[PDB]
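S.K.: Provided hereafter are the protein sequence and its experimental coordinates.
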Amino acid sequence: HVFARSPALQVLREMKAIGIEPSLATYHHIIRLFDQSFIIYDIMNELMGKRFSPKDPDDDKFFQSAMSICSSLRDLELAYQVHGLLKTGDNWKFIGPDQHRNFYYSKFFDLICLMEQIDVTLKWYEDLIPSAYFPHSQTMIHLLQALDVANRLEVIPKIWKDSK
Amino acid sequence: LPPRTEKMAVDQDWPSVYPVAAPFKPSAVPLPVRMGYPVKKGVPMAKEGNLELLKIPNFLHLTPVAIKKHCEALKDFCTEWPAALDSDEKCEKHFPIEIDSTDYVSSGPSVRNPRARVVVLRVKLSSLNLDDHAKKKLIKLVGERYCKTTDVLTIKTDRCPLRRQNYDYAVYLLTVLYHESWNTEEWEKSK
Amino acid sequence: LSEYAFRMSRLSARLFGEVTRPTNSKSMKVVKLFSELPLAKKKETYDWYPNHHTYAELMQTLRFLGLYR
Amino acid sequence: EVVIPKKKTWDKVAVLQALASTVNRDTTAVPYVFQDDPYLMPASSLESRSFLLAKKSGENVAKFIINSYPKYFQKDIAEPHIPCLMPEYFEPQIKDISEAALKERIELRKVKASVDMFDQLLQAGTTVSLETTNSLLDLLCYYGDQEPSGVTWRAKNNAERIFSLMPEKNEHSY
Amino acid sequence: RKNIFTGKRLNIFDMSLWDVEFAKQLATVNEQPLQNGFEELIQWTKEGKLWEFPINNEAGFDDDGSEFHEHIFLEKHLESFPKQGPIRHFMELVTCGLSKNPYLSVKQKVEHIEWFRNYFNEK
Amino acid sequence: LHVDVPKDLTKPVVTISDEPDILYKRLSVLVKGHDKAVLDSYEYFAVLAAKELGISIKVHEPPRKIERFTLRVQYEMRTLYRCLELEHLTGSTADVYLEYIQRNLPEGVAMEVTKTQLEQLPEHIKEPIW
Amino acid sequence: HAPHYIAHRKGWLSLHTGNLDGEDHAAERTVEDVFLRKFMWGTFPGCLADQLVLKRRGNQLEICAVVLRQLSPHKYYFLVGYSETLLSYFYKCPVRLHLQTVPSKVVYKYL
Amino acid sequence: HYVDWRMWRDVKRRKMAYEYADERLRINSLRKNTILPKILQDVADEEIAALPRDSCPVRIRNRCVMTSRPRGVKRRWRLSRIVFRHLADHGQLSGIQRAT
């Protein structure tokens, strides 16, 4: 926990200096150590545009953890940055098993519904569901709350038909 | 559950719905197409449950939009025909020899076809360095492989199992025929 | 025939790998015997039948395992 | 001046990958692993997982049948030969008491058989190669004296006994 | 206000079954379900289940890497036979037949000739 | 997809070797079927692909074949043909185009591709031996 | 429809290159078809609403079947996986099934 | 598990015909040439005769692969007329149609 933050950052600096490149597992470990939180901005800033290959068993746990942070911070630009990293090249293969995929996507879509304009929320709703994942009832409640906030109450029938 | 053709927009990207060759799915193809010989005072059968539409090798995965998108992405693999060769008149001048070989695409667990080993070499004798005696001897040696009307010597090799071996044998046959046409034995004078 | 024609033919038959030494009709059967794969070694002959043991005992195993009716 | 162009080479799957890069994901369909039929499309995450598990269980049953009765699947008709569609052999073929059979059992990850044959080689006075015993000890330490499917290190387990019996213990063993 | 990649470091450094299993664990990191039909065809081609296009009818077959001259000139195996007898004429016929056989390998043709050698030897 | 789009795509690796490329004077593609409509659709597809890749293509229809026999009850087998003559295309264009149109070959349709490679004389045939 | 409408109103259930002029292995494909039909009819008892359609493209083998919505989807998935694997290993080719469910037999008339 | 005893007998014949084919061809090749001395041709007549009788390639019959019918078999499909007509009439034989 908190006693470890500076030693872990020091270890990351050592690994960079020695010429051993970090992997998704390293950033996953650092993020989950700090989350118990602005290091994620720099981690993303370094990761933007890069393509990765499987180097550690824990690599697949990065995106989930990263997405978790974006939900707790309620920072939507960071969520878009993480998703754009996921979409670059063959990055999607690191989304992990179905449980991890559903966790990642549920937190992502909850954040979109909470912070984004309603029409872009509907575009993401149609693009992500059901092709990417099957929603949880909490996501439907969040989407209805978003529609209530945006005062687009003409859409509840379609949402209920979808939930059915 | 309701078919997903109800959720498809009228300006969607159809190539993504049928990326590859797949059998007709009535719940995926958003067309009210009908097939069947109608009964008396009847209508051709609907798509849902139709086995006849299920027996067609449909081209839903190759639409003009999809064909153009595929052929735009496949341009990167191509090389350019050398501009110097404008017609056959120059192709037969710079490349005298022609090698015909055939491949066969059937459907089955096995790809082997015995007819794919045959190789055919075609060369015009006027494109070889032969004098009068050499040309006469070459014609008499080859026999019916040579056609006088076209001036073309055709060597068809199928002895070897493989196609590369037959091509090598055809080249060897041409070489030995040329060199023995350019040789004069004792019995030659007995013409 | 002729001396010239005979020698020319006996040389063309050496270039193309035919019978150079003179031979008769009965003896040319050996060439056909060894050029073609014999009928008993053709895949239409020795594999004319489906196995019928693989096919029948596979049903027996499948039904015993309860995966086939 | 006939300028013959230089030949382009590519991997066997380059063309398929280019065509795949042309097409984008379908927003109105379930994942490709399921079937587009409305009755079979999963409607919930639990239903999707259940269907995938059922499909994998069916594949496993078929694999069990194939490996249990190779004699019905040995007949090869595919040219070129497909190795991945042939039965797999999980049984030792060498039956004599010899180091090669031990190596075979280590290759097959048959832990108990390997331990028993190492004991039998010791009883037969046959001296075991250092590399062979290191391979055995790899298998034992990785699998913890259990056959393939946590296991807590049990004192005086087979790995420890084999390790103590070793005439020469090199760095790899430790 | 400065990136986490600047600052202190440890300052310490400057510039079997286990390994195959570690590779198999690394393989599971990107083990995802098939996403569309092209991915399925790609995987089948990589496994070796699908034919590689454009179709080559002699795929996986190289005739033991033999050349044409090893199929067509088999008269170097007739050195142990009588050099001018009726046996030589007969074996010349046999090798003329065997050189025109696209269905046998060089090994099978030499096996034919060796059977003939042995048979004539016993007699 | 409206918003969720792939940011970057891994295009395949196509390496320019140093070896010379094969030249095919002609390339005859004979496709056989039991159904004329399938051969017409395949003609449309193949011709459009040839036009889009810049290959020179001309199409014609060889005469059909009908095998009749009797077991009385008389059965029949029709074989229809379509010939696509490609001309003046190199080895790599030939490979890519043939892979495309063979992968998209509809069920019940067999193909016979005859390739007429252009080659030079061997150096052994340039001049006679002395 | 009667057998004399096979090329006029009906089609062919199985499609392959074997019976074309010049092609080979017609008998092998026919025997494969017979086994496939018996195997599928025994592995999907009372499910198949109509005949199978056996399609062959290159090395592939597509069994496009029409089934009922009587059996549960889990059993359909289990049987599809089992059949795919077993037939792929039996014929040494990549077999694939394309089930299409209908509510009930698609009646055309009443003969 | 073949159709009947007669089919099993013919499967037995085709097995030995395959095993003995090379030896039969070679011994048969000695007797079909007017080069080798008659002393040798006469013995190969004895060698070929002594080979097991079912190994002779002339004792194999083209029975149907589904009904073991001895006659009425189309070699291209290895199917007797009754079994062929059943499959052809159901549209289960690709490309086959009734003539008009």
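M.R.: Everything's here; your move. Numbering: from 1, shown residues only, chains lettered A, B, ... in the order given.
S.K.: Enumerate every residue touching residue E:49.
M.R.: D:82, D:84, D:85, G:59, G:88, G:93, G:94 (CB atoms under 8 Å, 6 or more residues apart in numbering or on different chains). (Each C-beta comes from the backbone N, C-alpha and C, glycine too.)
S.K.: which residues does the fourth one contact?
M.R.: Right, the one you point to is residue G:59. B:107, B:108, B:109, B:111, D:78, E:49, E:50, E:51, G:93, G:94.
S.K.: Also residue F:128?
M.R.: B:129, B:134, B:178, B:179, B:182 are the contacts of residue F:128 under CB under 8 Å, 6+ apart.
S.K.: and residue D:63, how many neighbours?
M.R.: Neighbours of residue D:63 under the rule other CB atoms under 10 Å in any protein chain shown: 16.
S.K.: cool, residue B:166 as well?
M.R.: Residue B:166 has 24 neighbours, counted by other CB under 10 Å.
S.K.: Of all the residues in chain A, which one is nearest chain H?
M.R.: residue A:131 (36.8 Å; CB to the nearest CB).
S.K.: Leaving out sequence neighbours, find the closest residue to that residue.
M.R.: residue D:27 (5.0 Å; CB to CB, 6 or more residues apart in numbering or on different chains).
S.K.: Equivalent analysis for residue D:124, please.
M.R.: Going by CB to CB, 6+ apart, residue D:124 has residue D:97 as its nearest residue, at 5.4 Å.
S.K.: So the one you found versus residue A:76, what's the distance?
M.R.: 70 Å (CB to CB, to the nearest Å).
S.K.: Between the two ends of stretch B:183-191, how far is it?
M.R.: Using CA to CA, to the nearest Å, the span of stretch B:183-191 from its first residue to its last is 15 Å.
S.K.: for that stretch, the distance to its chain's centre please.
M.R.: When C-alpha coordinates are averaged (CA atoms, centre = their mean, to the nearest Å), stretch B:183-191 and its chain have centres 45 Å apart.
S.K.: before we move on, what about stretch G:64-73?
M.R.: Distance, stretch centre to chain centre, for stretch G:64-73: 13 Å (CA atoms, centre = their mean).
S.K.: that older thread, for the residue nearest to residue D:124, give me phi and psi.
M.R.: Backbone torsions of residue D:97, given as degrees, to the nearest 10, read phi -80, psi 100.
S.K.: In contact with it, which residues are there?
M.R.: Residue D:97 touches D:117, D:120, D:121, D:124, D:126, counting by CB under 8 Å, 6+ apart.
S.K.: same question, residue D:24
M.R.: Counted by CB under 8 Å, 6+ apart, residue D:24 has contacts B:13, B:16, F:1, F:5, F:6.
S.K.: Got a ChimeraX select line for the buried ones in those?
M.R.: A single ChimeraX command suffices to select whichever of the contacts of residue D:24 are buried according to 16 or more other CB atoms under 10 Å in any protein chain shown:
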select /B:13,16 /F:1,6
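S.K.: now, which of the contacts of residue D:24 lie within helices?
M.R.: Using DSSP state H, residue B:16 are the members of those that sit in helices.
S.K.: For residue F:29, pull up the helix or strand it's in.
M.R.: Assessed by DSSP states H and E, residue F:29 sits inside strand F:23-33.
S.K.: Could you see whether chain B lies near that strand?
M.R.: Yes - judged by CB under 8 Å from any CB of the partner chain, strand F:23-33 comes into contact with chain B through F:23, F:25.
S.K.: which element follows that strand toward the C-terminus?
M.R.: helix F:36-53.
S.K.: So which other helices or strands are in contact with that following helix?
M.R.: helix B:64-73, strand F:23-33, strand F:56-60, strand F:74-90, helix F:91-103 (3 or more CB pairs under 8 Å, 6 or more residues apart in numbering or on different chains; DSSP states H and E).
S.K.: which other residues reach that helix?
M.R.: By CB under 8 Å, 6+ apart, the surrounding residues in contact with helix F:36-53 are B:57, B:59, B:62, B:64, B:67-68, B:70-72, B:74-75, B:78, F:29, F:31, F:33, F:56-57, F:59, F:80-82, F:84, F:86, F:93, F:96-97, F:100-101, F:104-106, F:108-109.
S.K.: and what of stretch A:54-68?
M.R.: A:23-29, A:31-32, A:35, A:40, A:43-44, A:52, A:79, A:82, A:86, A:94-97, A:100, A:103-104, A:107-108, E:25-30.
S.K.: where do the helices sit along chain C?
M.R.: C:3-15, C:29-35, C:54-64.
S.K.: The shortest one and chain H, are they touching?
M.R.: Looking back up the chat, that one is helix C:29-35. Yes - against chain H, helix C:29-35 shows contacts by CB under 8 Å from any CB at C:29, C:30, C:33, C:34.
S.K.: number of nearby residues for residue 41?
M.R.: Assuming you mean chain A. Neighbour number of residue A:41 under other CB under 10 Å is 17.
S.K.: should've been chain D
M.R.: 20.
S.K.: how much space is there between the nearest residue to it once chain neighbours are set aside and residue B:28?
M.R.: Closest residue to residue D:41 apart from its sequence neighbours, by CB to CB, 6+ apart: residue D:30 at 5.1 Å. As for residue D:30, its distance to residue B:28 is 11 Å (criterion: CB to CB).
S.K.: thinking again about what came up before, put together TSV for the helices and strands packed on helix F:36-53, with mean neighbour count on each row.
M.R.: Output for the helices and strands packed on helix F:36-53, formatted as TSV (neighbours: other CB atoms under 10 Å in any protein chain shown):
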stretch	mean neighbour count
helix B:64-73	18
strand F:23-33	21
strand F:56-60	13
strand F:74-90	19
helix F:91-103	23
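S.K.: Tabulate these (TSV), appending distance to chain A.
M.R.: Formatted as TSV, the helices and strands packed on helix F:36-53 follow (distance: least, CB to the nearest CB, whole Å):
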stretch	distance to chain A
helix B:64-73	17
strand F:23-33	35
strand F:56-60	36
strand F:74-90	31
helix F:91-103	23
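S.K.: For residue F:105, list the residues it contacts.
M.R.: So residue F:105 contacts B:105, F:31, F:42, F:111, G:57, G:58 (CB under 8 Å, 6+ apart).
S.K.: Look up how far chain H lies from it.
M.R.: Here the criterion is CB to the nearest CB, to the nearest Å. By it, residue F:105 lies 15 Å from chain H.
S.K.: Residue E:88 and residue E:80 touch, don't they?
M.R.: No - applying CB atoms under 8 Å as the test, residue E:88 and residue E:80 come out as separate, 11.3 Å apart.
S.K.: neighbour-wise, which of the two wins?
M.R.: Per other CB under 10 Å, whichever of residue E:88 and residue E:80 has more neighbours is residue E:88, with 15 against 11.
S.K.: does the more buried one count as helix, strand or coil?
M.R.: helix (DSSP: H, G, I helix; E, B strand; the rest coil).
S.K.: Near the closest residue to it other than its chain neighbours, how many other residues are there?
M.R.: Using CB to CB, 6+ apart and skipping residues adjacent in sequence, the residue nearest residue E:88 is residue E:82, 5.4 Å away. Counted with other CB under 10 Å, the neighbours of residue E:82 add up to 13.
S.K.: Near residue E:55, how many other residues are there?
M.R.: Residue E:55, neighbours per other CB under 10 Å, totals 23.
S.K.: packing partners for the strand holding residue F:29?
M.R.: Packed next to strand F:23-33, using 3+ CB pairs under 8 Å, 6+ apart, are helix F:36-53, strand F:74-90, helix F:91-103, strand F:110-119.
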